[PDB]
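# Tertiary structure, described
Given next are the chains, with one letter for each unit.
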Amino acid sequence: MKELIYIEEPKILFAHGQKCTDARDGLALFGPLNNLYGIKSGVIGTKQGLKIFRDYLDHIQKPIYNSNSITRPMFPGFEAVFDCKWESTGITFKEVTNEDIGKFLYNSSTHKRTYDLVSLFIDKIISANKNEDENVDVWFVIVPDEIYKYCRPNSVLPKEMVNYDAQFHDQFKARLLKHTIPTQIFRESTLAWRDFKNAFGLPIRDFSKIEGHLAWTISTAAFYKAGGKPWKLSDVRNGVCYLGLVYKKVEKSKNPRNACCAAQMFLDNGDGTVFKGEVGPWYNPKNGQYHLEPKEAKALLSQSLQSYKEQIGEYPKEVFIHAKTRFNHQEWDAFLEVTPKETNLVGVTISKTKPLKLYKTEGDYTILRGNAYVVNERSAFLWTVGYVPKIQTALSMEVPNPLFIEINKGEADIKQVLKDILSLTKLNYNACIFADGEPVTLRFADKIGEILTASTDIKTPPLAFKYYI
Amino acid sequence: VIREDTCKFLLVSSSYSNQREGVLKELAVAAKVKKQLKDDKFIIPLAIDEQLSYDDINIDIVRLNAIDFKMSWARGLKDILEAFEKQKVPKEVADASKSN
Amino acid sequence: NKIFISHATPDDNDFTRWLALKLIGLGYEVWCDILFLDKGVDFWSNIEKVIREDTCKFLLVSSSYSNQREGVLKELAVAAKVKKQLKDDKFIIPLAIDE
Amino acid sequence: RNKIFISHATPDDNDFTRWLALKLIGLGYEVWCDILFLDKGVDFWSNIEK
DNA sequence: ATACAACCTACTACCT
Ligand SMILES: [Mg+2]
């Protein structure tokens, strides 16, 4: 009968140098680190979409409550939290006609339909960015639910109503990377869930008990997209750089390729957390192989080390490479040929496939979050999802799944690796929640990869995450 | 504490607190101290409930100038701080460590 | 269907007693704070309830003592709100008694 | 007797009233306005009358 | 090209 080890919950940092575990509570009490003056919003869509967005923007300012304010904290309003203005008066409208949407919506080919709709929105975006004298921080694209339903890669258009990825969101964000415009895509049913009902006279999506959670998530995403920093890590060490590598399949070309994207996190001399991407997805011409060539591995590590040195002044002491795959010998030897003697290379594999479930004997709740089961000096299990005493509820749904964290290559302390991963799980800026399951490096590398492998014509993409997430 | 300690009496005005017995007792005690202390602005109602109309506030409050928290809490807190600095309400140096 | 008379309690007692008794003798329901020998625990709450739910007219004894009396002014404000609610222009009828 | 009283519809004439009050204060005139000088938690009608 | 084990990704569907 085996033993477990507990890893303390990490604390994130907020305004006035105040540490907390919950992002929502820390934002409510102290506030963001940045001082944005206000958010100027550009809205694209039909007149109904503009009305929906204006109504939601007016609704945001007033406090919003949930069914339980212990499990899910309430939203006290946008300005009361972020201390900046995001009002409906600063809205810039670029109308898209319903007739124009219907002209391209009902087409035989899903590729042609999604390309036409994506181009219809992007043409207005770029025309307003270039030929209009007003400044817009974030562009909010209100999308009718038909466009969402009928633009999926595998979606089929009913016969009665009859490169680049066949997906509205990824192709939309991939074709806007040349102009560096942060965009937030909304569905009309998200902000007006009450007005869309099913055959039984009830809404399809019920946000009655989680209205404040929706407000939290939307407001945090909008604040991050406008150039604000809501929080940052507090316990991360100096001289260590975290890398996260994700491979994606590219079906745009005739020959399948495995594009590898990365995410890089570290600490600058100003105590600010530098978290960005690592792009120019290094491809592999062999189908089914998710291992980098020596040349591409050398290029990746050289670029990462050069970026770290430029931002700091010296090469990192430690480098951690979180990947969902296992590095092989040739790729690791290629990696080691770039690192200097002072830089220690550690390659960690993070997976969620191993089926180990721990059931509490005498309760209706689940295993505590932060528990670990160190298999051996190079392998452990980490429970990043589970019961959180602070919110008196579990992040998982039925029984949480563990993360099998294994130090595949290099020498490092396994407990330190688990602590680093559990601290990374607090850096998700796409959502305003308690810490999620996967580390932020792998998740954001996946988010980058899902967009960079949509459109082929991306020479040098930006590094900021507001253009991807 | 109402009689000997407080310099300002903030009252959260809502539909629940409009006719609550304990809140009314505290309001009566605060009114007594306000008359004793010759302080015209001892009681400050903060209107936070949109349901409770301005025509339904209780008799001890219907004459006072309230702070509107209905539309925005940030504006209400700005008004509270502006009144506190204008009325020379005693305060120490700001410190988030106490709140934490 | 009551008639509320607002006055300074110890100063305008003669005229208030005279008018209240005269109105009672003429067939009106008069609510005055001097027409209750024993006072209950809830006075101000009961006064506001009477003004909001019972009275149809609000006679104000306008004198020098009742000009700036806190209780009279509070009742006046509540009566103004009630008059606005009932859409009656002549709900409040002041009585000038002081030279 | 130095104050200058400005009467207006409180939530509808706010812009012009604020503009005029700030201007008149600019040239050294003492101005009393309910949107800039009326205290909080005070008997506002008695204060206005006084 | 068949059998297996040990790893890998892509694309939905439902809950709150
Ligand atoms: Mg997002």
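So, how was this worked out
Residues numbered from 1 in each chain as written, not as in the entry; some residues may be left out. Chains lettered and ligands numbered in written order. Part of a larger assembly, values for the part shown. Heavy atoms only, no water. Residues with missing side-chain atoms left out of burial classes, pairs and counts. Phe/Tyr/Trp six-rings, centres within 6.5 Å; stacked < 30°, edge-to-face > 60°. Buried < 20%, exposed > 50% of the residue type's maximum accessible area, 1.4 Å probe, protein only. Helix = DSSP H or I, 4+ residues; strand = E, 2+ residues; numbered from the N terminus. Contact = heavy atoms within 4.5 Å. Expected span 1.5 Å × (residues − 1). Buried area = accessible area lost by both parts, 1.4 Å probe. Salt bridge = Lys/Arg side-chain N within 4 Å of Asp/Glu carboxyl O. Polar contact = N/O pair within 3.5 Å; in protein donor to acceptor, adjacent residues only side chain to side chain. Near = heavy atom within 4 Å. Nonpolar A, V, L, I, M, F, W, Y, C, P; charged D, E, K, R; others polar. Pairing = 2+ DSSP bridges. Axes fitted to C-alpha atoms, helices over the stretch in contact; angles between N-to-C directions. Arc of directions from axis to C-beta. Disulfide = S-S within 2.5 Å. Core = buried A, V, L, I, M, F, W, Y, C linked by side-chain atoms within 4.5 Å. 1 Å grid on protein atoms, 1.4 Å probe; cavity = no way out; pocket = protein on both sides within 12 Å on 5 of 7 lines; lining within 4 Å. Points joined across faces, edges and corners; volume = space filled by probe spheres on them.

Method of structure determination, per the deposited record: cryo-EM was used for this entry, reaching 3.1 Å resolution.

### Regarding the packing of aromatic side chains
Applying the stated criterion across every chain yields a total of 33 aromatic pairs over all chains. Seen from their ring centres, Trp31(C) and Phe36(C) are 5.0 Å apart, and the 45° between their planes marks the pair as tilted. Since its relative accessible area comes to 14%, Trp31(C) is described here as buried. Taking relative accessible area as the criterion, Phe36(C) reaches 38% and is therefore assigned partly exposed. These aromatic residues form a ring-pair network of at least three members: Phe53(A), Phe78(A), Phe82(A), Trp86(A), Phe140(A), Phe186(A) and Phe223(A).

### A short note on the environment of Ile97(C)
Examined against the element boundaries, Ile97(C) turns out to sit in the segment after β4 (92-96). Sequence-distant contacts of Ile97(C), that is, excluding residues within four places in its chain, are made with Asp12(C), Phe15(C), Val61(C), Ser62(C) and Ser63(C).

### Observations regarding unusual backbone geometry
All names here are of chain A. Although it is not a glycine, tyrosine 164 sits at a positive phi angle of roughly 70°. With respect to the element layout, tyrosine 164 can be found in the loop between α6 (145-150) and α7 (168-174). For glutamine 392, which is not a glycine, the phi torsion comes out positive at approximately 55°. The residue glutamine 392 is located in the loop between β16 (387-388) and β17 (393-394) in this model.

### Details of helix α3 (residues 70-86) of chain C
Residues and elements named next belong to chain C. The end-to-end C-alpha distance of α3 is 24 Å, a good match for the 24 Å that 17 residues give at a rise of 1.5 Å each. Within α3, the full set of buried residues consists of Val72, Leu73, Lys74, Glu75, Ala77, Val78, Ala79, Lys81 and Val82. Next to the buried residues of α3 lie β1 (2-6), α2 (44-53), β3 (55-62) and β4. Downstream of α3 by a residue or two, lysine 87 has a phi angle that is positive, lying close to 55°.

### What to know about the interface of chain B and chain A
In this complex, chain B contributes 9 residues to the contact, which on the side of chain A involves 12 residues. When chain B packs against chain A, the two sides together hide about 910 Å² of surface, and 56% of this comes from carbon and sulfur. Here chain B and chain A share 1 salt bridge between them. As a salt-bridge pair, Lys62(A) and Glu50(B) come within 2.5 Å of each other at their nearest N and O atoms. Joining chain B to chain A, the criterion identifies 3 residue pairs in polar contact. Counting only elements with at least two residues in the side of chain B that touches chain A, the list comes to α2 (73-86) and α3 (96-99) of chain B.

### Considerations on the protein's contact with DNA strand E
Residues and elements named next belong to chain A. Around DNA strand E sit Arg72, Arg152, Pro153, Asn154, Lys248, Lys249, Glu251, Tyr290, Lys324, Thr325 and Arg326, and that is every residue in its neighbourhood. Side-chain polar atom of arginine 72 to a sugar or linking oxygen of DNA strand E: 3.0 Å apart, as the coordinates give it. Contact between DNA strand E and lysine 249: a phosphate oxygen at 3.1 Å from a main-chain N or O atom of the residue. Partitioned by chemical class, the residues of the surface near DNA strand E number 2 nonpolar, 2 polar and 7 charged.

### Here's the deal with the sheet that holds strand β2 (residues 29-31) of chain C
All names here are of chain C. Spatial ordering of the open sheet is given by β2-β1-β3-β4, a layout of 4 strands whose pairing is parallel. Each edge of the open sheet is held by one strand with a lone partner, namely β2 and β4. Strand-to-strand twist across the sheet, computed as the mean angle between neighbouring axes with direction ignored, equals 25°. Each of β1, β3 and β4 is contacted by α3, which is oriented at about 145° to β3, the strand it contacts most.

### A word on helix α4 (residues 98-105) of chain A
In an α-helix, one turn spans 3.6 residues, which is why side chains three or four residues apart end up on the same side. Residue and element names in this part refer to chain A. Those residues of α4 lying buried are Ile101, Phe104 and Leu105. Along the long axis of α4, the arc covered by the buried residues comes to 105°, so they all point the same way. What points out from α4, more than 90 degrees from its buried face, is the exposed set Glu99 and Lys103. Its buried side turned inward, α4 meets α5 (110-131) and α6.

### Quick look at the interface of chain D and chain B
Contacts between the two partners involve 9 residues from chain D, matched on the other side by 14 residues from chain B. Both faces considered, chain D and chain B share a buried interface measuring about 1,000 Å² in area, 44% of it formed by carbon and sulfur atoms. For the pair chain D and chain B, the interface holds 2 salt bridges. Our count for the contact surface shared by chain D and chain B stands at 4 residue pairs in polar contact.

### As for the state of the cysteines
Tallied over the full model, the rule gives 0 disulfides over all chains. Free of any disulfide, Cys241(A) has its nearest neighbouring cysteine sulfur in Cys260(A), separated by 15 Å. Judged by relative accessible area, which is 2%, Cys241(A) ranks as buried. The structure places no disulfide on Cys56(C), whose sulfur is separated from the nearest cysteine sulfur, that of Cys32(C), by 15 Å.

### Here we look at the nonpolar core
Residues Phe53(A), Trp86(A), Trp231(A), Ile405(A), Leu452(A), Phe465(A) and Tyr468(A) are the most contacted members of the largest nonpolar core, which totals 88 residues. Excluding residues that lie within four positions of it along the chain, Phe465(A) makes contacts with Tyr224(A), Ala263(A), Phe275(A), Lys276(A), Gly277(A), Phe444(A) and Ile448(A). Residues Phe42(B), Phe4(C), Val50(C) and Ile51(C) belong to the second largest nonpolar core, which totals 29 residues.

### A word on empty space enclosed by the protein
Gaps left between atoms are located by rolling a probe of water-molecule size over the structure's atoms. There is about 50 Å³ of room inside the largest cavity. Taken together, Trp231(A), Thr425(A), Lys426(A), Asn428(A), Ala431(A), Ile433(A), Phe434(A), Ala435(A) and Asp436(A) make up the lining of the largest cavity.

### What to know about the sheet that holds strand β1 (residues 9-13) of chain B
Backbone-to-backbone hydrogen bonds join strands into a sheet, with any given pair of strands oriented parallel or antiparallel. Residues and elements named next belong to chain B. The sheet built from 3 strands is open, its strands ordered β1-β2-β3 with parallel pairing. Two strands lie at the open edges of the sheet, namely β1 and β3 (67-68), each paired on one side alone. Where strand β2 (residues 43-47) meets β3, 2 bridges bridge the pair, whose relative direction is parallel. When the bridges of β3 are listed, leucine 46 appears paired with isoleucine 67. Of the strands in this sheet, β1 and β2 are in contact with helix α1 (residues 21-37), which crosses β1 at around 150°.

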